[PDB]
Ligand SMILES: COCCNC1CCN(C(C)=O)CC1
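As structure tokens, one chain now follows by itself in the form deposited without the ligand.
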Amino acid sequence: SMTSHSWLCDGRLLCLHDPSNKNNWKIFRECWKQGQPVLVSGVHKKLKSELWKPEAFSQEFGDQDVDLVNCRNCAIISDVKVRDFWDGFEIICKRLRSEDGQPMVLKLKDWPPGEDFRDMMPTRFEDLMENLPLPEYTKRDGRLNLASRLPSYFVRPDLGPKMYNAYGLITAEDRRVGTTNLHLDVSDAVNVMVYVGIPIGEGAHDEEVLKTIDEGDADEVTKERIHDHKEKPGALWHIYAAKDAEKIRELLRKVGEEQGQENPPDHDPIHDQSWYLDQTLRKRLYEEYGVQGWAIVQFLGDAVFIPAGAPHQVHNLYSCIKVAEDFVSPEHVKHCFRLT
């Protein structure tokens, strides 16, 4: 039976089922006021699927110059053509190779660059912005988006959206690396999975993906979305409450010191964007500091709502295209104020 919502993370995460329902705010706003993330499924069914394919991005934009990041070691690959990234998205035998001769796991850095998404891709911009869930919060002019209404005493988000494109992490060693390291934003964000690419050439890679989700602490209902409904999983997220950010900074100062980093006692390991919390570090955070997070698997068409101030990290299971929009809800406006 079609239902308004369900729960993940053993009751700790709201999952809304219908992305465009005018009644969603009534369920959403109580969870949001408490500083919880929220998942909305089914956004892919609202979009024009032909606009969100890796082959179309290569054909239309392939001659642009870009930088890539090697996710395994954080090395920058400078001034290559964007087709060198897109043509290897799903076909492993076409990927740029490291010196060891392996195909690299790559992230496309800042593309489209800065605020240029709308100018470069006007049909994509329209398709995304018209189908975002919770539109009074997420649209540039929504009644509960304060972004366009605040004075300079508040940090205002840039004009979006922003596109986040990266290969899937593959090996047992890759389980300890992030696609995007632990960081926080002073604005709220909605992040939509518009495409998941399951590769070929080393296709048969299904078992390291299950072990990553299991060791990632994903709940039993999340696991049933794969085995029972055959949905395509894109990325594993860990999100922490804004109120736990300083305890996470204390853990990462102690670990920085154990590993022989030499940091001033006030330095900010979350702002540095240099850490990925692996199974060892997540268990340490829980046992030693009393901090629990939310382990979230984002499937094709899932929109993840990330509260302002909430530390979070992302680990791609397969090749992903994500599009995100920042906004300023009244619930969380304290996080972007420049005083006290």
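We call the rigid core whatever largest set of C-alpha positions still superposes within 1.5 Å between the two forms. Position 1 is the first residue in the sequence shown; the rest follow in order.
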{"query": "Stretch departing more from the displayed form, 130-138 or 222-230, Cα RMS in 9 other deposited structures of this protein (core fit)", "finding": "222-230"}
{"query": "Entry-level comparison of average CA B-factors, 165-173 and 209-217, reporting the higher stretch", "finding": "209-217"}
{"query": "Given 185-193 and 115-123, the range whose Cα B-factors average higher in the PDB entry", "finding": "115-123"}
{"query": "Highest-ranked of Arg83, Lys107, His238, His227 once sorted by CA temperature factor in the record", "finding": "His227"}
{"query": "Residue with highest C-alpha B-factor in the PDB entry, from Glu136, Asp87, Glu258, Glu246", "finding": "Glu258"}
{"query": "Third of the chain's Cα B-factor distribution that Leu132 belongs to, per the entry", "finding": "middle"}
{"query": "B-factor third for the C-alpha atom of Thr180 within its chain", "finding": "lowest"}
{"query": "CA B-factor ranking of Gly234, expressed as a third of its chain", "finding": "lowest"}
{"query": "Among modelled residues of the same chain, the CA temperature factor third for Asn70", "finding": "middle"}
{"query": "Ranked against its chain, the third holding the CA B-factor of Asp278", "finding": "middle"}
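Only in words, not in the display: the form deposited with the ligand bound, which the text now covers.
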{"item": "Accessibility of shown form to the ligand in the bound PDB entry, site-C-alpha superposition, 2.4 Å backbone/C-beta rule", "value": "open"}
{"item": "Partner contact for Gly160 in the bound PDB entry: the ligand, 4.5 angstroms, heavy atom", "value": "no"}
{"item": "Contact flag, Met129 vs the ligand in the bound PDB entry, heavy atom cut 4.5 Å", "value": "no"}
{"item": "The ligand contact at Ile226 in the bound PDB entry, heavy atom, 4.5 Å", "value": "yes"}
{"item": "Partner proximity in the bound PDB entry: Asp119 to the ligand, non-hydrogen atom cutoff 4.5 Å", "value": "no"}
{"item": "The ligand: the contacting residue among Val209, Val255, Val177, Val82 in the bound PDB entry [heavy atom, 4.5 Å]", "value": "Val209"}
{"item": "Contact residue in the bound PDB entry, chosen from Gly168, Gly88, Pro233, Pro133 - any heavy atom within 4.5 Å of the ligand", "value": "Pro233"}
{"item": "Answer range among 201-209, 255-263, 137-145, 169-177 for contact with the ligand, defined in the bound PDB entry as heavy atoms within 4.5 Å", "value": "201-209"}
{"item": "Members of 255-271 lying within 4.5 angstroms of the ligand, judged by heavy atom, in the bound PDB entry", "value": "none"}
